[PDB]
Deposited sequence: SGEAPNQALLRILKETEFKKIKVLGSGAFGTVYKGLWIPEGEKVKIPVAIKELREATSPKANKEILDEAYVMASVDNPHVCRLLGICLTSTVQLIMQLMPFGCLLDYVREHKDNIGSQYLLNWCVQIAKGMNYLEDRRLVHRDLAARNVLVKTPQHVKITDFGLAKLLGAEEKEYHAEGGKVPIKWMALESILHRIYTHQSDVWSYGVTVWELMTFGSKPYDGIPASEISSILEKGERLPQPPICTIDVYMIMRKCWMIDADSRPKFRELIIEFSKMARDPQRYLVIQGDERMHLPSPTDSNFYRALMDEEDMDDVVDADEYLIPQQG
């Protein structure tokens, strides 16, 4: 009952934001009936063509029902030939591009905190018994640089856990794998995982014990957590709840666990967030 159902005439596509696996995502404008305002929105038109599924809507009723600062919520759904999902527009985009776009202007406090946040979001999804199945930096959106949120829960071979490849098994402990790649992405500043290895050969390099490398900025504490996320015996992997504590502990002394050049001139200020939070993130 938390899922507004929109008519086709009260919103319009305005700019393409990118496509991916399941759909295309536009910047749309919501025009409330009777009103002369245009409220911006993010729409994701599916890539299929719904035919009285049911299935979807029954899932959108869950997605729309996730109250947590760090996980994004489906806001509405227009059931059209191509179904349209509507959610809050995030101008900064996703954390992938953001770390890319700011390659040499990201302190250790940010990175360690993003890691904290994605964990908290993930942990909430775990507690809600939902498996993300597609956690990656491109699916972490930036509300403000200080607040990131997971989107798109509910084939990224290069992020999947070995067992999800070999046996299509998506348990929570495999999302902890994807979490491991995501942090890797964060610390490598947008690098591409296994860049060079065809995505038909990952199941083999993984079974040989091959794993992504230690990013430059990473220490032994920050890279050993990652490695655990990528262990074969699924249950030998950290629980999301234990990554919050570890990463939260490291975030309290970041220049000690991340070694970044000029880290001395790049940090979080109360005036600059009290300004950010009124204009954008009013939690």
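- Missing from the model, relative to the deposited sequence, are the ranges 1 to 7, 61 to 62, 164 to 181, 296, 312 to 328.
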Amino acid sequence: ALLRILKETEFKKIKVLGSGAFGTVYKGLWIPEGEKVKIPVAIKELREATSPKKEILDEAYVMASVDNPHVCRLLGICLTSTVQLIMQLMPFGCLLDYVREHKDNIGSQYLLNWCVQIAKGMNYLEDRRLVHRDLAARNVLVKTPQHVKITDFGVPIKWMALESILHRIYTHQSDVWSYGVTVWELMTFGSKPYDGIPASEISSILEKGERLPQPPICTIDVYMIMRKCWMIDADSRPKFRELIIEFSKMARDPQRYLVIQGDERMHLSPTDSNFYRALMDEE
From here on, numbers count along this sequence of modelled residues.
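- Notably, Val62 is never a gap: all other compared entries of this protein, restricted to those modelling both its neighbours, have coordinates for it, so the one-third criterion is not met.
- Compared with other deposited structures of the same protein, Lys53 meets the criterion of being unmodelled in at least one third of those that resolve residues on both sides.
- Higher mean CA temperature factor, per the PDB entry, when comparing 169 to 177 with 114 to 122: 169 to 177.
- Look at the C-alpha B-factors of 10 to 18 and of 256 to 264. On average they run higher in 256 to 264.
- If you compare the C-alpha temperature factors of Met250, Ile244, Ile31, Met226 in the entry, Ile31 comes out highest.
- Across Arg133, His102, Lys149, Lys208, the entry's maximum B-factor at the CA atom is seen for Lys208.
- Split the chain's modelled residues into thirds by C-alpha temperature factor. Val183 is in the lowest one.
- Ranked against the other modelled residues of its chain, the C-alpha B-factor of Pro91 as given in the entry falls in the highest third.
- Per-chain ranking of the deposited C-alpha B factor places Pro215 in the middle third.
- When all modelled residues of the chain are sorted by CA temperature factor, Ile106 is found within the highest third.
- In this PDB entry, the Cα temperature factor of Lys44 sits in the middle third of its chain's modelled residues.
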